[PDB]
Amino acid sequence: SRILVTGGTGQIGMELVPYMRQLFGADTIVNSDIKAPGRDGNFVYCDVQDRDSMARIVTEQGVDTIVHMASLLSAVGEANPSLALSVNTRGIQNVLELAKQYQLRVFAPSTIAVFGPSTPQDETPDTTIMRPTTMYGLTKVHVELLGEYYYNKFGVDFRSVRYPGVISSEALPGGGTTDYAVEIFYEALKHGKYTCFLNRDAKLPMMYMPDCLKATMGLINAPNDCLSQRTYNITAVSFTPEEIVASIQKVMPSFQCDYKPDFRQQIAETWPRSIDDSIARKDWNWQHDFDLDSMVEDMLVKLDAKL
């Protein structure tokens, strides 16, 4: 009867946890991280590298599901090799080893970063070539393959979704590659102008936070019998910075945008431009709600409020 979120305090978790609490009762969701929320009132410290500390939480709290968000992301992965390797692989391995022991089910999300330059670049399918260029990406492939294997070998109900770039009104950008899609709106509101660090024309899959929540929950609640697979690509839209610029000027016409590429372009070029998520459409009725324009308008009202 209880769900343990790890990495609960990050971008996704900071909204995922309140939404699961909405759906299931405040008290049924155990939120955990290595940093406290920015209230909450049912929070625990958990470093996912420390397997015993996690056994402790699982047992004391009556946990039957781990929503494992804890990760180091693309930037810190590039910045610091072995720590990312260590948090991300040791996290999934501890999490999965615990699920088999106590019979937990687990969700852990993947990422479009699992894809490389030799991965087909348009309408990228669910089973395809995976040769990532980033530490973050390669640790994510292991997640997948290790979670599938725990499924197949021990029947650990293991599930996952490859997130596209996620746009949120609530977490401050963390210097990642898709994060030009969050910074932009701040700068739009503060200065009426942005300098973007991707080529004008770097197309990427992106999705607005509520759809990310909807997808996360949709697969977590899907009855197990409908799942042709364990990990699903999911998308909402693909856009280029030039489109989101133009989308913003529909509401705020005076807004401008410079372009000054840095190393992040080189990363973006190795990732999908668009993802084929048909398989989630069919199996578990996956359906996004927000297009480019509505996400742009909603983001704009929210952050213009957040001041």
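Sequential numbering from 1, following the sequence displayed.
Please classify the unmodelled stretch of the deposited sequence between residue 253 and residue 254: none, 1 to 3, 4 to 9, or 10 or more residues.
Nothing is missing between them.
If you average the CA temperature factors as listed in the entry, which stretch comes out higher, 298-306 or 1-9?
In the deposited entry, the stretch with the higher C-alpha B-factor mean is 298-306.
Would you mind comparing 193-201 and 228-236 for me and telling me which has the higher average C-alpha temperature factor in the entry?
The recorded data point to 193-201.
Highest recorded C-alpha temperature factor, please, choosing from 154, 186, 136, 208.
Highest C-alpha B-factor among the listed options: 186.
Between 26, 46, 67, 58, let me know which has the highest C-alpha B-factor in the entry?
By C-alpha B-factor in the record, 26 ranks first.
Taking the values exactly as deposited, rank residue 266 by C-alpha B-factor within its chain and report the matching third: lowest, middle or highest.
Highest third.
Relative to the other modelled residues of the same chain, rank the CA B-factor of residue 248 and answer lowest, middle or highest third.
Its C-alpha B-factor, which the entry lists for residue 248, ranks in the highest third among residues of this chain.
By its CA B factor, does residue 144 count among the lowest, middle or highest third of the modelled residues in the chain?
Tercile = lowest for this residue's CA B-factor.
Give the position of residue 42 by CA B-factor within its chain, expressed as the lowest, middle or highest third.
Ranked within chain, residue 42 CA B lands in the highest tercile.
According to the PDB entry, is the CA B factor of residue 97 in the bottom, middle or top third of its chain, that is, lowest, middle or highest?
As the PDB entry reports it, the C-alpha B-factor of residue 97 lands in the lowest third of its chain.
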